[PDB]
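# Descriptive structure summary
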Amino acid sequence: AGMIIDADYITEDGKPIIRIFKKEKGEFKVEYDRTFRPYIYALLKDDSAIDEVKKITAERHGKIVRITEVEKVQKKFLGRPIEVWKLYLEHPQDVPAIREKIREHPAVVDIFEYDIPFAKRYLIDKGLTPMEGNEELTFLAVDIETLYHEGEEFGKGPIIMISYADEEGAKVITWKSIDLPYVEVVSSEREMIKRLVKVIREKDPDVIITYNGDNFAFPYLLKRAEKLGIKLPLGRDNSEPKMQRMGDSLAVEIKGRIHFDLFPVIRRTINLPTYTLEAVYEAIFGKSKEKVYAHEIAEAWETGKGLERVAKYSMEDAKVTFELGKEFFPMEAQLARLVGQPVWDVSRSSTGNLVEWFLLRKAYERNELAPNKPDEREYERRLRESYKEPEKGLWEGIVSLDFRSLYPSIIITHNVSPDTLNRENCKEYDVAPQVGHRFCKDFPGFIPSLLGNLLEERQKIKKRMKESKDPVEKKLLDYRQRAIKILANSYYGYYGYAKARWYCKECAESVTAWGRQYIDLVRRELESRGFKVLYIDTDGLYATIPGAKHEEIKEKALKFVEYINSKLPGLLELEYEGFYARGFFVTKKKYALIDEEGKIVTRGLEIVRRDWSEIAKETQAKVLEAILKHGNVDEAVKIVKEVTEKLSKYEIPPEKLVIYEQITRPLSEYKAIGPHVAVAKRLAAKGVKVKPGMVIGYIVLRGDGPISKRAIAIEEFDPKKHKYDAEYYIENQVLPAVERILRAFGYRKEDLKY
DNA sequence: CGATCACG
DNA sequence: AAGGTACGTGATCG
Ligand SMILES: [Mg+2]
Ligand SMILES: [Mg+2]
């Protein structure tokens, strides 16, 4: 009746209850369902076996687990009818307890759909789609500033400012006197945290926007709330924000709301060497943002001087986080709806996992038994499966062309699907060029069928946009057709994704083989037009007209795409991505370009990370600037020769030689003792409370042996007594950072010293 | 070398 | 207050 924003489950008297969080004509509504039961499927060697199989037992929470009910069902598997048994369980946590007991059984051929989280199982099976309708959501951006000193335990320093922003403006809560109109002064860290809780409960936002709140703002708020003995009842059910382990990093959920962390979103959507809020804001809104570094914040807080500067930075962090959230949420909301899963989960997923959620829902709709995810063995074998070289030098006036909108059409016309591949007793088939894979034409494949529907749906949205005089629906429909384009263009890549259920190596190669015929046509037609192709990948190409005027290159390129699209049948489409003033290419997905506005765009080259020393990062940025901004590779080579000589002669300040690496576990848990851990053990031995989250700063000293034995804690480094390892900083830091870039110009590691 | 570890 | 724990690249260890 309203708009679904999330779904989860609660346990009551040992039984699961599904919770559906809704927004209905401006109001928060929570619907409960007690009737949905967890299940798996089992393919048996013979029907007789069910009598033995239904009697399988497990143990969970001290008590035994049973198969509640069994049901024989007819489904489709590998494009063939299949008879399997639906095995019902009492609680979803029963599934991981009993699934291997069922799989182990001598009469069970295989088990299926045994790793689908219960709340997602519910949404699929009940045919429920989140984010449908015109329902208007409310938003709040939240940020925090902490007092930090070098290499402190996560949460030792207090939170000193909390900022938030809305359409009503950006505000700061602090516990020191600062005279600014947007600053609220409270008495303590405890009262500042309680004020944020009060702001969230009163504003009752549907969406809480953060910039990396999954790993910084919420874990820190929770750590300080713990130390202070106070609760954070931010959930609409008064629950505290909940930390979820996603990879090695975290994910924070706020119940009844959408915690929208922009950090994974922006990282997926745009290409930047660093994802600082300042770099991101400038990239999206073309406006500069000032950074106030942690050491400046500590100095201002401790001295009590220059606090206005810190409060302005805190306020801007919230204000720009609000603006970025409003910019990036509409597309995440349309992707959620398209795949039929909540924004929380979708905003945190790869495109491959978006495809899998879309396929799982469509598989239920079409009574198609879903394949299983590969085991560790199969996953590694897929990674091991096997399926031009760029022009050297510095090129000017580079035009970029995108091929990606070609592949969905190839999958559909050739019926490329795992269920149509090398079918026995097939009457008509398509044979892939060179590779020779045969795709049955007798029935539309599961994937080609879905893709066709997706593409038809996009054409209908586009037709509705041309015929619409309402700018509000035109905006919404624009996000919708874009969301379809993103999902449709992810299928080619998905066929080759090693963790995919509907993984198909032969599908991916066949699509590559058929796609190549069009790529060779584009290449030939460009070359006859005077263009030189500098780089080609399955995704696109880069070309120039050697020694031509920039507007002439653009005009001819724009005319070229207009022409090719008129020659290519159907929905096969070439796209002019952009233009670059300069660029160079090293190998596949290793290149660097500069646009006409001076913005450097690189792929697979930059080392902007804390585990690389400043000297290596500084040298790399300088080499890229000499090449792209100055068009001078000889300047770049001289930069490297000068830096290495300076390292040899001990002319580089020790602060530019520090390496930072986080401690992620108790020190005794390490299998390999890397330099940061060798340093950490020595600190612990000295009485330092070494805990996970600590970031270890070290300098590699001159000497015999591996680097771990020669690493020193930065706080212990004495320039008089210690001598850094110049050979380590030259060969393991500086030269690796620049050798890949310079290789594009004919230099070897050996050519970059005197 | 393969295993282990960390970055964003 | 559930809920399977990404992914891909590169460096140093053992
Ligand atoms: Mg959830
Ligand atoms: Mg901040």
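This entry, as listed in the PDB, derives from X-ray crystallography and reports a resolution of 3.20 Å.

Naming follows the PDB entry, where chain A appears as DNA polymerase 1 of Pyrococcus abyssi. The Catalytic activity field of the UniProt record for chain A holds the comment "DNA(n) + a 2'-deoxyribonucleoside 5'-triphosphate = DNA(n+1) + diphosphate". UniProt, in its Sequence similarities section for chain A, records the words "Belongs to the DNA polymerase type-B family."

A separate point is the protein's contact with DNA strand B. Around DNA strand B, a shell composed of 13 residues is seen, among which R267, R610, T664, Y670 and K671 lie nearest. Sugar plus phosphate: this is where 97% of the atoms of DNA strand B within 4 Å of the protein reside. At 2.9 Å from a phosphate oxygen of DNA strand B is found a main-chain nitrogen or oxygen belonging to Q662. Backbone polar atom of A672 to a phosphate oxygen of DNA strand B: 3.2 Å apart, as the coordinates give it. A per-class count over the surface near DNA strand B returns three nonpolar, three polar and seven charged.

This paragraph deals with the protein's contact with DNA strand C. Contacts to DNA strand C come from 29 residues, most closely from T11, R245, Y497, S708 and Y728. Here a phosphate oxygen of DNA strand C and a side-chain polar atom of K373 are 3.2 Å apart. At a separation of 2.8 Å, a phosphate oxygen of DNA strand C approaches a polar side-chain atom of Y728. Of all the secondary structure elements, the ones that give two or more residues to the surface near DNA strand C are β1 (3–12), β14 (242–246) and α22 (726–743).

What follows covers the environment of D8. Within the secondary structure layout, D8 lies in strand β1. A sequence separation of 11 residues divides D8 from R19, and the C-alpha atoms of the two residues are 5.2 Å apart.

Take the packing of helix α14 (residues 446–466) against helix α15 (residues 471–488) next. Interhelical geometry of α14 versus α15 gives an angle of 155° and a closest axis separation of 9 Å. One element, α14, and the other, α15, form an angle in the roughly antiparallel class. Pair α14 / α15 crosses with left-handed handedness. From α14, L451, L454, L455, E457, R458, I461, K462, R464 and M465 reach across to α15, where they touch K474, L477, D478, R480, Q481, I484, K485, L487 and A488. Taken together, the residues of the contact of α14 with α15 sort by class into nine nonpolar, one polar and eight charged.

Here we come to the domain arrangement of chain A. Size of an interface, as often reported, equals the accessible area lost when the parts are brought together. Under the domain assignment, chain A is made up of domain 1 (1–132 + 350–370), domain 2 (133–349), domain 3 (371–444 + 498–582), domain 4 (445–497) and domain 5 (583–754). For domain 2 versus domain 4, the distance between C-alpha centres works out to 33 Å. Every contact between the two is made by seven residues of domain 2 and, on the other side, nine residues of domain 4. Taking both partners together, domain 2 and domain 4 bury about 770 Å²; carbon and sulfur atoms supply 74% of that area. When residues of domain 2 are sorted by the area they lose upon contact with domain 4, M331, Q334 and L338 head the list and together hold 62% of the total.

Judged by nonpolar contacts, the single largest core of 115 residues is most densely connected at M131, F260, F329, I411, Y491 and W502. When residues in this core are grouped by element, the largest group, 17 residues, is from helix α9 (residues 307–339). Once residues within four sequence positions are removed from consideration, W502 is found in contact with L359, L360, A363, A370, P371, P418, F446, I447, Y494 and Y495. Of all hydrophobic cores here, the second largest spans 56 residues; its members include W612, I615, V637 and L647.

Moving on, we get to the coordination of the magnesium ion (ligand 2). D143 (OD), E145 (OE) and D317 (OD) make up the full set of protein donors to the magnesium ion (ligand 2), lying at 2.0 to 2.2 Å. Along the chain, the residues donating to the magnesium ion (ligand 2) fall in the pattern D-x1-E-x171-D. Here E145, found in strand β9 (residues 139–146), pairs with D317, found in helix α9; they are 172 residues apart in sequence, far enough to count as distant. We classify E145 as buried; its relative accessible area is 8%.

Our next topic: the sheet that holds β1. Note on sheets: strands pair through backbone hydrogen bonds, and any given pair is parallel or antiparallel. In space, the three strands of this open sheet follow the order β1-β2-β3, with antiparallel pairing throughout. Both edges of this open sheet fall to β1 and β3 (27–33), since each of them pairs with a single strand only. Averaged over all pairs of adjacent strands, the angle between their axes in this sheet comes to 25°, without regard to strand direction. Pairing geometry for β1 and strand β2 (residues 15–24), over nine bridges, is antiparallel. Pairing of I10 across the sheet is with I17, part of β2. In the packing of helix α3 (residues 118–125) onto the sheet, contacts are made with β1, β2 and β3, and the angle to β2 comes to roughly 60°.

Attention now goes to the environment of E113. Locating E113 in the fold gives a position in the loop between β8 (108–112) and α3. Apart from the residues within four sequence positions on either side, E113 is in contact with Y39, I40, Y41, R121, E368, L369, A370 and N372. Within the local environment of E113, its side chain forms a polar contact with the side chain of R121, the two groups lying 2.8 Å apart. Within polar-contact distance, the side chain of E113 engages the backbone nitrogen of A370 at 3.1 Å.

This part takes up the sheet that holds strand β17 (residues 395–402). Here we have six strands laid out as an open sheet, ordered β20-β21-β17-β22-β23-β24, and antiparallel in their pairing. Edge strands, defined here as strands with exactly one partner in the open sheet, are β20 (532–537) and β24 (600–603). Pairwise comparison of adjacent strand axes, ignoring direction, gives a mean angle of 35° for this sheet. Pairing analysis gives seven bridges linking β17 to strand β22 (residues 575–587), with the strands arranged antiparallel. Counted as the bridge partner of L401 is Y576 from β22. Helix α17 (residues 505–527) rests against β17, β20 and β21 (540–544) of the sheet, and its axis sits at about 165° to β20. Running at roughly 115° to β22, helix α18 (residues 550–567) makes contact with β17, β21 and β22 of the sheet.

In the structure shown here, the tally under the stated rule is two disulfides. At a sulfur-sulfur separation of 2.1 Å, the disulfide partner of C426 is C440. Between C426 and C440 the sulfur-sulfur dihedral comes to about 100°; the bridge is accordingly right-handed. Taken together, the positions of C426 in the loop between α13 (407–413) and β18 (429–431) and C440 in strand β19 (residues 438–440) put the pair 14 residues apart, joining distant regions of the chain. Across the pair, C440 and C426 agree in class, each one buried. The disulfide that involves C504 links it to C507, with 2.1 Å between the sulfurs. A torsion of 70° about the S-S bond marks the disulfide between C504 and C507 as right-handed.

Conventions we followed
- Residues numbered from 1 in each chain as written, not as in the entry; some residues may be left out.
- Chains lettered and ligands numbered in written order.
- Heavy atoms only, no water.
- Residues with missing side-chain atoms left out of burial classes, pairs and counts.
- UniProt positions renumbered as here; feature names shortened; annotations may be inferred.
- Near = heavy atom within 4 Å.
- Polar contact = N/O pair within 3.5 Å; in protein donor to acceptor, adjacent residues only side chain to side chain.
- Nonpolar A, V, L, I, M, F, W, Y, C, P; charged D, E, K, R; others polar.
- Helix = DSSP H or I, 4+ residues; strand = E, 2+ residues; numbered from the N terminus.
- Axes fitted to C-alpha atoms, helices over the stretch in contact; angles between N-to-C directions.
- Parallel < 35°, antiparallel > 145°, perpendicular 65-115°, else oblique.
- Left-handed = near helix turned anticlockwise from the far one by under 90°.
- Contact = heavy atoms within 4.5 Å.
- Domains from an automatic or database assignment.
- Buried area = accessible area lost by both parts, 1.4 Å probe.
- Core = buried A, V, L, I, M, F, W, Y, C linked by side-chain atoms within 4.5 Å.
- Buried < 20%, exposed > 50% of the residue type's maximum accessible area, 1.4 Å probe, protein only.
- Donors = N, O, S within 2.8 Å, 3.2 Å for Na, K, Ca; no water.
- Pairing = 2+ DSSP bridges.
- Disulfide = S-S within 2.5 Å.

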